[PDB]
Each structure stands twice: as C-alpha cells, then as structure tokens.
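Some notes on the structure that comes next.
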Amino acid sequence: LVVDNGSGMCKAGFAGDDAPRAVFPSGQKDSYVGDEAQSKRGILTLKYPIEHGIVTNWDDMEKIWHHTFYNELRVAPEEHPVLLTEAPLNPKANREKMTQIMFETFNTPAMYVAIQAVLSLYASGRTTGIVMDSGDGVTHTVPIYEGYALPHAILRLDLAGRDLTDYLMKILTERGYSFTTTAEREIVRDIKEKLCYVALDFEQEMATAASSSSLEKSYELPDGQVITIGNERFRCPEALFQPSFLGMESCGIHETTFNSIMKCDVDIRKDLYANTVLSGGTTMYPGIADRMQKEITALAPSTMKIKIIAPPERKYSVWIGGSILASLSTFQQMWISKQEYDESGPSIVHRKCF
Amino acid sequence: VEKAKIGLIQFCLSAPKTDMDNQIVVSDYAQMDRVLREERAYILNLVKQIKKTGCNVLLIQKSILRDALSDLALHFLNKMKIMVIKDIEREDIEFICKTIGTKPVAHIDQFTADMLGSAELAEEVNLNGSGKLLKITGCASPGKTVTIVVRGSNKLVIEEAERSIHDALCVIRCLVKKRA
Amino acid sequence: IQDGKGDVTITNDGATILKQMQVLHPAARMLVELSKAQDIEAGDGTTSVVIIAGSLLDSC
Amino acid sequence: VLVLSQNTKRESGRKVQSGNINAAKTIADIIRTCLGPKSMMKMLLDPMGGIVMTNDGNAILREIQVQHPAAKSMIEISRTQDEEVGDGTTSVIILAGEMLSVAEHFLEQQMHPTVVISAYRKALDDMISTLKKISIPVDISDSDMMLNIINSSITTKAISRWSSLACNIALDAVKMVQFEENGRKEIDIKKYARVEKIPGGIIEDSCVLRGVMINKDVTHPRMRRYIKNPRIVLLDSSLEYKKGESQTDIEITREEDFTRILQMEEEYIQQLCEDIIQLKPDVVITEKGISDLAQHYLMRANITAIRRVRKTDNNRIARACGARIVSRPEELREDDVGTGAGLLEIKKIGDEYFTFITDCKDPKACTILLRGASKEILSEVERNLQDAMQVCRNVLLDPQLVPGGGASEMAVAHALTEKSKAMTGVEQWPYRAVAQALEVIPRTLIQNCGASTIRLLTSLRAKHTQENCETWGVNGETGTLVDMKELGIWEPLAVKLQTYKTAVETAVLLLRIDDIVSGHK
Amino acid sequence: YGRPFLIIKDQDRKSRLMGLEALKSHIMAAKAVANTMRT
Amino acid sequence: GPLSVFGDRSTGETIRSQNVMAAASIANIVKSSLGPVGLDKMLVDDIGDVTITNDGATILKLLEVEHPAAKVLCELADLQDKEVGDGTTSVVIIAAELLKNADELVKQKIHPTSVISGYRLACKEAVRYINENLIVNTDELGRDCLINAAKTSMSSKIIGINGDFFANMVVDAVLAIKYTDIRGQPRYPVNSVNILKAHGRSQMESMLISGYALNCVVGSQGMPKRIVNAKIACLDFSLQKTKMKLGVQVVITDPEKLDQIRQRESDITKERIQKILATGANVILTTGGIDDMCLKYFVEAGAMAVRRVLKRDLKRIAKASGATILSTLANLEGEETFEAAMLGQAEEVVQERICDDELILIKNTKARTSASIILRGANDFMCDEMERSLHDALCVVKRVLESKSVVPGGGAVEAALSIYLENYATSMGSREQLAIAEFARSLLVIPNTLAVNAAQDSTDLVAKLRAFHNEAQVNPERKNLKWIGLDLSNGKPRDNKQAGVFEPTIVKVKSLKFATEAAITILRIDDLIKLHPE
C-alpha cells in the first residue's frame with residue numbers, strides 16, 4: 001500500500017510501481033453490474049477533511065479508505081504493512097487516534113508514517129537540508145537531519161499564495177480595473193502563473209518597468225488586457241518577501257529560517273547549509289532562488305557558504321519518498337506493530353521514555 | 001406550450017441574502033424551525049406573486065455570486081405547470097424583449113401582468129439525437145430581429161455557408177445603401 | 001488552409017484566405033487590411049481586389 | 001505520402017489465425033497433467049511477487065499475466081468458468097485448446113469459418129440434448145451419497161486422503177449457514193460462511209464451529225470471560241458525545257459553562273449507557289469507539305464491552321446470536337437482545353486471544369477453525385474448502401448426477417458420432433470432429449500415468465456401443481478399465497454442463513478472428 | 001497508399017519542380033544576371 | 001518571387017489522389033465488416049485493450065487519423081451511426097469508390113462543375129426513384145418483419161446463429177415500451193430500456209425481464225428481500241444527516257439548548273422517516289446517502305431503502321410503476337406531507353442473484369409493462385458485442401416502426417437502382433450523362449464487397465440480377481423480376497422476402513444524401529496549403 005493522502009489527493013499503487021494506479025478526485029465497470037458504482041459515487045461525494053495541515057474529521061477518512069482499496073486496489077491489508085501520509089504537523093493525539101481506528105477496523109500487522117517534508121527530501125535524493133514548505137494556506141519550516149523531523153524545530157508562517165493574490169487585487173484597485181470576482185480571481189492567478197518573476201528587488205524593477213518601460217508585456221488574452229507595465233507581475237513576489245506590503249508588518253521568512261537554523265548546533269547547520277532545498281505550493285517562478293540566496297547571504301557570514309536547490313517538478317514527490325522508504329530495507333526496524341500495539345496501546349507512541 | 005404568457009426575470013431568486021455580508025445566527029431549535037418555515041414562506045410568497053401575475057413561462061438570466069434559481073422553485077412551478085429557462089446572457093435582453101415583448105425587471109414590485117410577451121407557440125425541437133432547442137413563435141409584440149438556422153454534414157460546410165450568407169447580406173446592405 | 005493548430009478551413013472568400021496566412025511580409029499584410037476594409041465597405045468576393053492591386057503594380 | 005498514424009500495424013489472413021491456435025496450444029501445454037485423481041502438483045510465482053501452489057485451471061491462470069491478448073481472452077473465460085460453477089476449470093481449458101487444434105485440421109483445406117460455426121451450434125445442441133437424455137437423478141437425502149460426491153470431487157485434489165474427514169467438515173458447515181427468509185429463498189452465503197485459518201495444529205483439527213469464532217479480545221480486565229447464556233447486544237454507535245453535522249463555536253461569555261459543558265457531556269454519556277444498563281445485559285460489541293466513562297459504567301454493572309468489529313463479522317454474529325444491530329442506545333428495545341449462544345469463550349488459540357461464540361440453536365453464519373503448518377498449507381486447504389462448498393451447493397440445487405473420470409464423455413462422443421451419420425451433408429465432418437476432439441478427455445488421465453492408451457481407448461469406445469455400457473471409466477490410481485458403478489466417482493452435472501457450453505462457445509468465438517490492428521487509442 | 005513505400009532511393013532527399021511556374025524560377029535569375037550586366 | 005506562404009503547397013491531382021489515397025487506405029481496412037458474411041476485426045488498444053467489433057463506426061472511432069479528408073469521412077461514419085445506426089460500414093466504402101471514380105474522371109480532363117452538378121442531380125434522381133419505383137407493403141407483415149429486420153441486423157454480428165429467440169425477445173421488448181407522441185402515432189423512448197449485462201454461462205442463458213432490474217442491490221440483509229406488494233416511494237432528496245444551511249453559525253450562551261440541538265440533527269430526518277414510514281412504505285429509493293440511523297429505522301420497519309440511486313433510471317421506473325418523483329414533501333404550500341395516492345405500483349421486488357452476485361429486480365410495473373434485458377455471455381467483450389448489436393437493431397426497428405416502409409435488400413436495391421440509372425441518364429445527353437452513367441456503375445461495389453466477403457462468383461450473379469432488372473424495366477410486361485435480389489446464403493437470386501432481408505428506405509436515402517454531399521464537398525476542393533506548425 002503506497003496510498004498517500006497528499007495535500008488534497010490520495011494515490012494508490014504499490015511500492016514497486018512507478019506510479020499509483022488510481023487517483024482521488026475527492027463508467028469503467030459501471031455498466032456491467034453497478035455494484036461498485038454506488039460505493040465509488042458515494043465515496044466521491046465525501047469531501048477532503050484536511051485543511052491547513054491538521055486533520056479535521058475522522059469518520060469520512062476511514063469511510064473513504066475502506067472503499068478506495070477494497071473495491072479497486074483489491075488488497076487485503078491484514079497481510080500487508082501500511083504506509084500512508086499525514087498532515088504536515090499534528091500533536092501525538094491525532095497519531096494515536098488514527099492508530100486506534102486503523103487497528104480496530106483493519107488489524108494490519110505493522111505501520112509507519114512520516115511528515116511530507118521528509119518524503120519530499122527523499123524524493124529529491126537527500127537525507128539532509130531544510131526545505132521551505134510553502135504549502136497552500138500556510139507555510140512551514142522543517143529542518144531535516146538524517147531523516148527525522150525535529151519536534152523542537154518546526155516553524156509555521158501564515159503566508160499563502162492566496163494571500164499574495166488577494167494583496168495584488170488590493171493594489172489592483174490602484175491599477176484602475178480591479179479584480180475581485182471568481183473569474184477575476186482566476187485571471188489574476190492565471191497572470192500570476194504566467195509572469196510574476198523576480199529580477200533583484202522592488203524599486204529597481206519598478207524603475208526599469210516605468211522609467212524605460214522595457215519590462216512591459218502586453219496581455220493579449222480573451223480574459224486579460226494590457227494593464228500591466230511590468231509592475232503587477234513583480235508586485236506578486238514582493239509581498240512574498242517583504243511583509244509590510246500586506247499590512248501585517250513582521251519579520252521576513254528568511255528571518256524565521258535563519259533562527260530555526262541558528263538555534264541548533266552550528267556544526268549540523270553545515271549539513272543544513274549543504275543542500276537547503278526548497279519546495280513549492282506558493283512559488284513556481286524563477287528569480288526566487290538567487291534572490292533569497294543573496295537576501296539570506298546578508299544574514300549569512302561571508303566565512304561560510306550557502307547553496308540553493310529547487311527542482312522544477314515536485315508533484316508526486318511525497319509519493320516518490322514513500323516508494324523509496326518502502327524499499328529502504330531498514331525501516332522495518334522502526335515499524336510499530338501488533339507486538340507493541342496490543343502490549344502498550346498508544347503509550348509507546350507517546351515516548352514514555354526520555 | 002401554446003398561447004403562453006411568457007415571463008422574463010433577471011434578478012436573484014435564491015435564499016434571502018443581502019448584497020453585503022451577514023450571517024443569521026440561530027440560538028435554539030425553535031429559531032431553527034422558524035428559519036426553515038420562513039424561508040419556505042418567503043420562497044412560496046415570491047412564486048405565488050409570479051403565478052398571480054398570470055405568467056405561463058419563466059425566464060431567468062445568468063449570474064454568479066448567489067445565482068437566481070432554486071430547486072424549490074422548480075418544484076413549485078411543476079406543481080403549477082410552469083416552464084423555466086435559466087442562465088441567459090446579458091446583452092441579448094434587447095433581442096428577446098423586442099421579439100416577445102416581455103421586459104426586464106430587477107424587482108418583483110415592478111413586475112406586472114401587462115408586461116407579458118405573448119407568443120402563439122413555444123415548442124422544443126429535436127435534432128435526431130443532436131440536442132434540444134426552444135423556438136419562440138407567434139409573438140404578439142413587434143420584433144425587429146430575425147434568426148436563421150443552418151445544418152450540414154460537417155462544420156466546415158456550414159462555416160462556408162455562413163460566410164457566404166454574411167457576404168450576401170453585405171451585398172444587400174450596399175444595395176440599399178445606394179441604388180445603382 | 002490547414003493551420004498549425006488542430007483545425008482546417010475550406011475557404012473561398014478572399015479576405016478569409018488572406019487572413020489565415022500568418023505571413024511576415026508587409027505587402028501582403030497591407031493587402032489583408034485592404035481586403036478587411038473592402039469587406040467592411042462592400043463584403044463580397046475580395047478575391048478580385050488583390051488581383052487588381054498586383055496588376056497595377058506590375059503595370060507601374 | 002502517409003495517411004494514418006505511423007503506429008498502425010494491421011495484419012490478416014490464415015497466418016494470424018494459426019498463430020492464435022498456437023497460442024491456444026501454448027496455453028494448453030502449460031496445464032496438461034493436473035487432471036484427475038492422479039495429479040502432479042504445480043507451483044506458480046504470484047505476479048505481485050509471492051508464491052502459490054495450485055492444481056486447478058483458473059487459480060493457476062488467474063495468477064498469470066500474458067501478451068498476445070488472446071491468452072488474456074482465455075484467462076477471462078477461465079475466470080468466468082471458475083466464478084461460475086467452481087470446478088473443472090483445467091478441464092475446460094484443455095478441452096478448448098485441443099478441440100481448437102482439431103478444428104484447425106478442418107479449416108486449413110479451404111473451408112470457411114461459417115460452416116464450422118453452424119456445425120458448432122448443431123454439435124452443442126446435440127451435446128445438451130443427449131446429456132439431458134443421459135443425465136440421471138439422485139435423492140438428496142443422506143450423508144452417504146453426498147460424502148461420496150465430495151470424495152469423488154476432491155480425489156483429484158490433495159485433501160483426498162482426508163476426504164471423508166473433509167466431507168464432514170464440509171457437510172456440517174453447509175447445514176448451519178443455510179437460511180431461508182420470508183417463506184422462500186433459502187440461502188447459502190459463503191461470505192456468511194467466513195473462512196478463518198490459525199497457525200499450528202494438525203490437519204485433522206479442521207472443523208466448523210456451531211457458532212462464531214472471532215479474532216478479538218475483551219476491553220478491560222474486570223469484564224469476565226465466562227458466560228453460559230450471553231445477553232449480547234449489537235451496538236452501532238460510537239461511545240462519545242455526539243458531534244452530528246451542525247456548525248460549531250457557541251460563544252462562551254461566563255465562568256459557569258465550561259465545567260458545566262464537561263459535566264453535561266458526562267451526563268449524556270451517563271444516560272446513553274443507562275439505557276443499555278436497563279435491559280440487564282451481559283456483553284456488548286460495537287463497530288466504533290468506546291469512552292472510558294462508559295466502560296466504567298458497564299464495569300459497575302458487570303457488562304462486557306467489545307471494540308470495533310468488521311461489518312461482515314457483524315452480520316455473521318447477528319445471524320448467530322439472533323440479535324438485531326442497533327445504532328440507538330437511547331432508543332433501545334427489549335426486542336433484540338442476543339440469546340442463543342452456548343458459551344462465552346475467551347481463549348488464546350496461539351498467542352493472540354480469540355473470542356469463541358459457541359451457539360446452542362440453529363445458526364446461519366459460521367467461522368471455520370483451521371489448523372496447519374504454513375500459510376501456504378492453509379491457503380491450499382482454503383481453496384479445497386471453496387471447491388467443497390460450491391460443489392455441495394450445486395448438488396443442493398441439482399438432484400442429478402453424471403459420472404466423471406471420462407465415462408459419460410466417451411459415451412456422448414459415441415452417441416453424437418452415431419447421430420452424425422443420420423443426416424446427409426459435409427457439415428458432419430466438422431461436427432463429428434468435435435467428438436473426436438472430445439476424445440482428449442481420457443488421454444491426459446492415462447497420460448498422467450503412462451499406460452497403453454490405444455488399447456484402453458479402443459476398448460472403452462467399443463464397450464460404449466454394445467448394450468450401451470456407457471458407465472465405464474478409468475480408475476486413475478490404477479489406470480485400468482473399470483466401471484464407475486463400483487469405483488464411486490460422481491460429479492455435479494452443473495460443472496460439466498458448464499464445461500460443455502463454455503468450451504463449445506469459446507471455440508465458436510475464437511474462430512471469428514481474421515483481422516488485427518495495433519498501435520491506437 | 002495503404003502503406004508507405006519508396007520507388008526512388010532517397011526519394012525524400014531529392015526535390016522535383018514542374019509546371020509553368022517552374023519556368024518562373026529560371027526567369028527569376030533571368031533578371032539578376034541581366035540586371036548584373038546592364039550597368 | 002518565392003511565395004510568402006512560409007508553408008508547403010502541393011498542386012495538381014496529387015493531393016486529390018492523396019484524398020483518394022486516404023479514401024483508399026481506410027476503406028478496404030474496414031471493408032471486411034458488413035453484410036451477412038462480414039468477419040470480425042480485432043483491435044488492440046495501446047493499453048492492451050483487445051476489442052471485438054464489426055459495425056463500421058465503432059471500428060473507426062478509435063483510429064487516430066491526421067489526414068483531413070479522412071477525418072471528415074470519420075465523422076461521416078460517426079453520424080451515419082448516430083442517426084441511422086445501420087449500414088455501419090457501407091457508407092465509407094461507397095464514398096471512397098465514388099471519390100475514386102470522380103478523381104479518375106477529372107484526370108481525364110473534365111470541368112469539375114459539370115461533374116459536381118451531376119453529383120447533386122444524381123443524388124436527387126436516385127432518392128426519387130427509390131421513393132417511387134420500389135413501393136411495397138409492410139402491413140402484410142408485423143411482429144415478424146421486425147424479426148427479419150433483427151436478423152438482417154445480426155447478419156454480420158456475433159449472434160446471427162441464435163436469432164430465433166433473440167429477435168422475438170427484442171420485438172416484445174419494443175412492444176413493452178411502445179409510447180405515443182402526437183396521440184395519433186407511436187413513440188419510442190430510446191435508451192430507456194437498460195440492457196445490463198453479465199459474464200454469464202451462454203448467449204442462450206440471457207433472459208428478458210417483463211419489469212425492471214437496476215444496477216442496485218439491497219443495502220443490508222436486515223431488510224426483507226421480497227416485499228409482498230410494492231408501493232414505491234421514489235426520492236431525490238438526500239437522506240443523509242440533515243444540514244440546515246451553509247450560511248448559519250451557532251452562538252450559545254445558555255448551554256441548556258446546546259445538547260437539544262444535537263437532538264435536532266436527528267429529529268428532522270427521523271421525523272420525516274416516521275412520515276415516510278407512516279404510509280406503510282414498502283421500498284425507499286433515494287439518490288442521497290443512507291446512514292445508520294435510517295438503516296436501523298428501515299430494518300425496524302422492514303422497508304427497503306437504497307442510496308446512490310441514479311436519476312434517469314429513477315424517472316423511468318417511476319413512470320413505469322406509476323410512481324412520482326419526489327424531492328421534498330412540501331405540497332402546494334408550506335405543508336410538508338407524504339401522500340399515499342402516488343405510490344409506485346408493482347408486484348414484488350427481489351434481490352435476485354444471477355451468476356454470483358445479486359441485484360434489485362422489479363416485477364410487473366402495474367397498468368403497463370416495461371422492457372429491460374439481462375445480457376449473459378461467456379465473457380465481457382462478446383457481451384458488449386451483443387450490447388452494440390441489440391442497440392443497432394433497436395435503432396433499425398424504431399426507424400421501421402416510425403415510418404412503416406421497407407424494401408428488400410442484399411443488393412436488390414443496389415442492382416435495381418444501377419439498372420434504372422444506367423438505362424436512365426438520357427434526359428441530358430450531355431457531359432452529365434456520363435456522370436449519371438458512372439453513378440449507375442459505382443454502386444457495383446456493394447455486390448462486389450458482399451461477394452468477396454462470401455467468395456461468390458461476383459460477375460455471374462451481378463450479370464443475372466442486372467439482366468433481370470433490365471428486362472423488367474425496359475419490358476414491364478414481366479415486372480416480377482423487379483422483386484428479386486441477391487442472397488449470400490447460397491448465392492441465389494431470390495425474392496428477398498422469404499429470408500426477410502428488408503431495410504428501411506429512409507436508411508438508403510439518408511446514406512446516399514450524405515455520401516453525395518461529402519463527394520461534392522471534396523470535388524470542389526483542388527488545392528492545399530500546409531502552413532507551418534506552431
């Protein structure tokens with residue numbers, strides 16, 4: 001079972017597969033008998049119970065899980081160890097609650113799950129390096145050393161690409177034709193996914209887009225118009241970096257990353273200095289990498305060096321990490337199985353020791 | 001439907017909701033009961049207003065952000081044998097109003113029975129498994145716009161015929177422009 | 001006229017034909033705009049006007 | 001100069017048809033020895049990456065992935081036959097392949113598929129007509145003949161040595177899941193006859209329990225483990241304050257609601273458990289969560305609580321204990337408190353505790369105790385059990401029997417050979433052909449041994465002519481001409497009639513292939 | 001054709017022009033060379 | 001100078017021939033798939049989906065065609081299926097050979113305008129002659145001409161051997177949903193007879209149901225599976241845990257109401273359930289989900305309740321049993337009540353098992369009858385083959401019954417029209433007379449394709465049929481010869497009535513109209529510019 005409840009999707013294949021066989025959209029056999037038609041359409045009706053990186057409902061998840069691999073994946077999990085994903089951060093309460101339902105309705109032999117950041121780091125082929133988890137709705141910092149995520153080192157910041165688009169449309173009223181409707185929100189996001197790059201900085205980009213006006217790109221779109229002088233494009237990333245644009249004046253994300261690295265011992269930061277890979281969710285355009293590189297280089301001592309890593313595609317990265325860990329051939333040493341579930345319940349999960 | 005008194009409506013039909021933000025707070029079961037009953041009452045009150053206006057066929061424009069149609073409206077109209085057509089374009093209002101005579105109203109109070117466009121026959125046609133349309137015929141109001149249909153074994157033949165007919169209309173527009 | 005996209009157009013009206021060629025030479029673009037103007041004015045068989053223009057150019 | 005996509009590959013002619021027949025062969029050769037009481041075991045590697053040892057057709061083929069999709073087509077028909085009647089899958093496959101071989105001997109001489117298909121239709125018509133003309137009944141009123149049929153079925157299987165044993169282990173399990181509702185529709189649901197397998201133990205330890213056996217345990221030390229007449233109730237509600245589906249965030253303004261809210265939740269649990277305490281229970285099981293307040297309450301009243309159970313197990317227990325599952329503890333009725341279990345049993349079969357619901361009245365859903373030495377062994381025994389229950393069910397819905405081992409099939413070959421000459425027409429040659437193809441059935445049985453097939457074949461062929469001695473087959477362990485009236489081999493007519501129809505029809509349909517294309521969406 | 005083939009070796013490596021427009025091509029050069037020497 | 005086209009222009013007959021080439025390449029590829037002796041073509045999808053198909057449209061639809069005119073012929077075949085549904089293969093062949101004749105003719109240097117006008121006028125004259133000079137009666141038949149039409153449908157199909165049972169089955173199924181549209185003529189709800197299938201035991205093991213069988217099963221074994229008398233309650237309202245409104249939030253400072261609100265979440269549902277269960281409800285059909293609360297209540301009542309019920313099938317069954325569509329219990333005003341005057345009428349409903357699985361089955365919707373067929377086959381692909389075959393047959397028979405007109409076939413119409421039009425075509429005596437002659441000739445392909453698919457001596461039989469029709473026409477003294485066609489059962493010139501081979505006239509008319517339309521469309525195409533791709 002390489003099922004992985006992603007940000008909004010669940011993808012079911014096997015560890016050895018190159019990809020999951022089925023998707024989770026939240027009439028193949030539906031004209032022969034119709035037995036699974038009702039079950040799958042009912043499961044389809046149920047919604048995604050995960051928001052902002054924390055579980056919010058529990059009955060529906062098991063409701064969906066039952067069907068999703070009892071009617072198309074055709075697998076008995078009693079004869080299988082289990083490997084799912086989870087929301088980026090939760091206290092032990094959700095973990096030990098999910099263990100109860102999993103065992104009491106499936107009684108599967110063993111289990112192990114990990115934070116999505118670890119899966120992404122494995123997919124990129126790293127066991128080290130902090131990744132900027134710029135997820136939807138909210139972003140987080142997860143410095144990974146050797147694979148395990150530090151419970152004392154996770155920082156959470158409320159920035160979102162939705163917020164960037166909203167702030168753009170908060171300064172698109174100053175552009176004349178504002179944009180607020182569903183179609184207008186969609187076209188703002190479309191233009192953002194077309195061009196909101198970073199060259200170096202706000203004022204110097206605006207000068208070269210207004211004094212010489214050589215950064216203009218005419219929008220010949222059925223849903224768009226030539227209303228950008230090169231300002232609004234670059235006006236999306238700026239609030240991504242400088243908080244006071246949005247009106248919530250606080251420290252920069254770079255500050256949060258720098259502190260989350262400095263609080264640890266300097267030596268291990270070297271390894272964190274090594275890769276320092278990134279992740280999407282709110283960032284898709286270049287100019288991010290070198291800009292944040294130099295921006296944190298201002299915060300980084302000249303005696304030490306820093307690296308920036310960003311793969312172009314990270315869509316099944318958690319799935320790749322899961323598939324790799326399923327074949328790591330040492331993760332079974334950390335399986336939590338019936339031998340401990342029926343012995344101690346959820347207490348060992350709580351780490352009664354230390 | 002034949003000899004129907006056709007009605008066109010352009011304003012919102014959905015549950016009572018202000019243009020500006022709000023939330024109706026319920027503090028016990030009784031308030032919930034009253035909310036349900038009064039929602040039903042308001043909806044049926046509106047539908048009874050339109051029915052009392054002597055309407056026969058309803059027409060609803062297109063909208064976003066709290067649109068203008070409800071299932072309960074369809075149930076009521078079926079209980080009173082009324083057609084409806086939803087989600088129609090904005091600038092086409094002139095065509096429809098001039099053709100049929102029914103005129104747009106954004107409020108029930110200005111909705112009046114005299115403002116019904118009366119067409120002899122409103123029938124739905126089949127294209128032999130290729131969709132169902134609605135042709136409005138025998139309108140009593142003077143329309144100054146006409147429409148014509150084209151069919152063919154493919155899309156390119158009908159494209160060429162459309163361009164040819166358009167250029168013929170241009171021929172005649174120049175002919176009446178000046179006569180030589 | 002088969003476009004680079006996944007379409008195709010059987011055509012006889014001159015303005016249309018002139019339009020589908022996405023050429024880069026200015027003279028043909030001038031002819032295209034002339035045909036557009038004629039269709040706006042008159043509308044039919046702009047196949048002729050291009051021939052007349054080219055013939056006058058050859059004569060001159 | 002091209003016209004279509006370059007990925008097009010179209011081929012046609014007799015060559016591809018012959019390739020299809022050779023594919024039929026290359027399937028038929030894989031299974032040619034697992035037939036009859038004398039069999040030679042076969043092992044397969046599971047496509048998922050596991051191991052499997054079987055000796056029946058589809059179970060072998062269902063775990064086989066192929067190319068040249070005609071092989072997939074025969075895999076499809078194999079699965080259809082298996083889930084259809086549940087026996088003789090190897091028989092159907094080998095018949096189809098060999099009789100396609102025979103038909104190829106007829107196609108190659110300029111002959112058309114259409115006349116062959118007409119001959120096929122007439123042939124199957126005559127087959128079924130004479131089979132009904134030869135099918136004899138049997139009274140379903142004893143252990144003797146039923147166990148004899150079980151013996152004759154699983155003699156081709158590995159558990160033949162424990163046949164009679166298995167017989168009983170089958171028979172009981174059938175009579176105590178058999179249920180009938182609303183004055184009609186007697187039902188034998190194998191799903192309610194849930195199969196369970198336990199590590200260790202001897203082969204003879206296998207038995208069906210007159211009750212329900214489940215893989216659970218009690219949920220508190222205090223709750224006792226011994227009850228002779230269990231007052232069991234079937235709970236379908238989670239034990240916690242209900243959340244429902246409404247929105248949230250009541251507004252707290254004072255200091256006298258917070259602990260008040262906690263207390264009112266506690267009292268809601270109090271009432272919900274009290275309505276259960278009222279009806280004087282013994283044990284309760286639920287499909288959902290349990291609250292510590294509730295377990296404390298039931299502890300005060302000495303009631304037994306059980307955490308989540310599978311829905312299939314839930315339905316089986318509902319059939320067993322005669323209780324009706326309820327999700328409304330606050331709407332509880334005296335109507336459906338479980339009664340009919342012989343003993344509450346909390347033992348440890350192995351090192352994992354199980355609950356054994358022994359019953360005292362006629363149940364409708366069992367759990368089968370199974371003991372062995374490996375998961376492979378128990379899986380093979382499982383497959384044997386499904387064969388047993390399916391054939392027993394078929395006999396339950398068929399009072400007629402036809403001998404196996406190759407007797408009646410030779411007999412019908414002879415009968416249709418005689419019937420062929422009556423008419424006049426070249427179509428008799430393809431028609432009679434299938435009967436010749438039919439003569440494959442005993443060959444493997446002899447070929448499983450290595451005896452002089454020619455004399456046995458000729459002797460049986462002759463014997464089925466005089467005085468219609470149409471009851472003689474081959475004693476597979478001896479490989480010797482015998483009469484089925486004494487050896488004791490009989491199979492349900494459903495399996496072999498299904499074999500007839502399926503093989504003849506797949507022969508009909510595999511002939512229509514002449515043109516093939518590949519490379520498209 | 002139903003299937004592609006080639007009658008000419010390297011048939012797609014050699015070009016073929018014909019018709020009166022083909023004459024045009026020669027006549028094209030007929031300007032430049034003459035226009036080369038007219039001076 | 002060089003054309004600014006920047007693309008690739010081919011001139012002359014080349015592209016013409018290329019269209020021909022296109023019209024060649026696909027045509028014979030599908031040639032082997034129509035007529036009583038058309039053999040199956042196997043198609044393997046790139047994902048390993050091997051398929052059985054014999055009707056032309058299904059054959060072509062999954063081919064990937066990049067040549068334009070070939071695409072045009074592709075949607076031509078698709079439309080030939082979507083309106084007519086028969087001659088599924090013939091039309092592309094007819095058009096292909098028509099293009100062959102036309103392009104050869106223009107290669108002999110004739111003005112395209114003359115031949116195009118010839119195409120139009122010949123289409124018109126051919127349809128006319130079909131209308132007048134082959135009128136026969138179908139009132140001499142009925143309940144048996146439908147059988148023969150089904151036989152002609154299955155001719156190339158997989159069940160052409162067992163038509164005796166199946167044709168009677170399908171004709172009775174047609175009679176079971178026979179409706180009236182304008183109150184004077186019949187009407188048929190196409191795609192309202194669900195044909196649900198199963199990998200059964202054999203073609204002979206499929207059964208027709210005088211009632212209705214869903215793709216649905218009983219929700220739980222707790223409910224009774226055979227209700228004695230059926231008063232049906234159809235619903236569209238979702239029976240899940242009731243949610244009041246998406247725009248309401250609770251604010252409670254008095255906690256006493258709080259718990260009671262938890263009660264409400266059930267009560268409403270529960271309350272309607274009692275109302276639902278007050279009328280002696282037998283079966284409950286809802287599209288919305290059914291949860292443990294309703295499950296327990298219905299078990300306590302013994303009334304069937306099924307969730308995730310579809311919509312169009314629900315409308316069909318409600319109409320069939322006389323039931324009514326319900327989305328709420330509200331009456332002409334705010335009164336939400338359930339009425340016992342509209343409950344669906346049926347004998348009984350059972351969760352019958354067919355092969356190894358169960359399903360809901362309705363028995364004898366009262367005051368009328370209904371049609372649905374359970375297709376049981378040796379596997380899935382051939383059962384889908386019957387699915388398509390019976391759909392096509394129902395299309396043919398509905399065309400027949402809508403316009404009670406039919407003529408015999410097997411080349412009978414082909415040879416008769418060829419003889420007429422060849423012995424005709426003296427009305428112009430001009431450059432178009434040769435056109436009409438080539439029309440009379442070009443219909444020779446249908447007997448040619450049938451003979452090649454049957455290995456018959458084409459020339460002898462075509463000469464015999466042509467001579468009989470010619471002597472009938474030019475000498476109407478023995479006009480009986482006009483009632484003769486070709487049958488491939490034994491290669492015989494026979495009165496195509498004993499075999500029953502009969503096809504609606506509108507079918508030939510419509511196919512001819514689109515064929516000539518596409519032919520003209522292409523014959524007024526002369527040059528192509530291949531613009532540079534993006």
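Chains A, B, C, D, E and F are the protein sequences, given in the same order. Each step along the first sequence adds one to the number in the numbering used here, with nothing skipped, and position 154 is 154. Each step along the second sequence adds one to the number in the numbering used here, with nothing skipped, and position 107 is 107. Each step along the third sequence adds one to the number in the numbering used here, with nothing skipped, and position 9 is 9. Each step along the fourth sequence adds one to the number in the numbering used here, with nothing skipped, and position 470 is 470. Each step along the fifth sequence adds one to the number in the numbering used here, with nothing skipped, and position 32 is 32. Each step along the sixth sequence adds one to the number in the numbering used here, with nothing skipped, and position 177 is 177. The beta carbon of each residue, even a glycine, is placed where N, CA and C say it ideally should be.
Residue range of the alpha helix (DSSP H) that includes residue i
{"i": "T99/B", "result": "93-100"}
Element boundaries [beta strand (DSSP E), containing residue i]
{"i": "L45/D", "result": "42-45"}
{"i": "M132/A", "result": "131-133"}
{"i": "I513/D", "result": "513-520"}
{"i": "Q17/D", "result": "It is not in any beta strand (DSSP E) - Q17/D instead sits in the alpha helix (DSSP H) that spans 14-28."}
{"i": "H140/A", "result": "139-142"}
7 Å Cβ cutoff met for residue i and residue j
{"i": "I85/B", "j": "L116/B", "result": "no"}
{"i": "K197/F", "j": "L361/F", "result": "no"}
{"i": "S25/F", "j": "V3/D", "result": "yes"}
Nearest neighbour of residue i, chosen from the options [CA to CA]
{"i": "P69/D", "options": "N148/F, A95/F, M42/F", "result": "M42/F"}
{"i": "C167/D", "options": "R210/D, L147/D, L293/D", "result": "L147/D"}
{"i": "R79/D", "options": "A388/D, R62/D, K175/D", "result": "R62/D"}
{"i": "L258/F", "options": "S164/B, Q31/B, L44/B, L36/B", "result": "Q31/B"}
{"i": "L169/B", "options": "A28/C, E33/C, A42/C", "result": "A42/C"}
{"i": "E79/A", "options": "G247/A, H67/A, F103/A, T128/A", "result": "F103/A"}
Own chain partners of residue i with C-beta closer than 8 Å, once the 5 adjacent residues on each side are dropped
{"i": "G350/D", "result": "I198, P199, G200"}
{"i": "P91/A", "result": "none"}
Span separating the alpha-carbon of residue i from that of residue j
{"i": "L105/F", "j": "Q436/D", "result": "58 Å"}
{"i": "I64/D", "j": "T471/D", "result": "37 Å"}
Own chain residues within Cβ distance below 7 Å of residue i, not counting five before or after
{"i": "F331/A", "result": "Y112, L325"}
{"i": "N94/A", "result": "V55"}
{"i": "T90/D", "result": "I31, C34, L35, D56, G57"}
{"i": "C469/D", "result": "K463"}
Residues of its chain near residue i, where Cβ-Cβ distance is below 6 Å and the 5 sequence neighbours each way are ignored
{"i": "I94/D", "result": "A28"}
{"i": "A22/A", "result": "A12, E72"}
{"i": "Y119/F", "result": "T516, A519, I520"}
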